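Take a look at this single chain in structure tokens; it is the form solved without the DNA.
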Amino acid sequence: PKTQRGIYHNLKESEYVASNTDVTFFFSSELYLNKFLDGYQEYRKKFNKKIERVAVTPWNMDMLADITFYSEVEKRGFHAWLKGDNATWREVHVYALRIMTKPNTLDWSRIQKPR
């Protein structure tokens, strides 16, 4: 359960969640949730510059950037859902691969605790 300081050590029970309508990321605190939501757009830009210096490709790396920012922002674990079901780290990466072929990118917003 949520600690006196507002922390969820078990991400599965967290009330702090963000979604892009396909994927849902769970956070251990409101501080981490807001850091992700407030910085992912800028991180996508920084991520692309770094990737492009390594290799030029026709791919949309936005989702991979989002997964990477989540891992960097959330310090108490990784917990995600894909299309409403609990997804493993690898399953989220598979989704990011398939998404690389599509031109448009889905944005993220805070949602209420799911079922």
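Just count from 1 along the sequence shown to find any residue number.
Another form exists, deposited with the DNA bound; not displayed. Remarks below refer to it.
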Next on the checklist: By the heavy atom within 4.5 Å rule, which residue out of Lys83, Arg53, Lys45, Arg90 makes contact with the DNA in the deposited complex?
Outcome noted: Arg53
Item to check | Position in contact with the DNA when the complex is considered in the deposited complex, options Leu37, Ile67, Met61, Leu31, heavy atoms within 4.5 Å | outcome: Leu31
Item to check | Proximity of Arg98 to the DNA in the deposited complex, heavy atoms at 4.5 Å | outcome: no
Next on the checklist: Please tell me whether any heavy atom belonging to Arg5 falls inside 4.5 Å of a heavy atom of the DNA, as the geometry stands in the deposited complex.
Outcome noted: yes
Checklist entry - Heavy atoms within 4.5 Å of the DNA in the deposited complex: does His9 have any? => result yes
Next on the checklist: Heavy atom within 4.5 Å of the DNA in the deposited complex: which residues of 71 to 109 meet that condition, in order?
Outcome noted: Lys75, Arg76
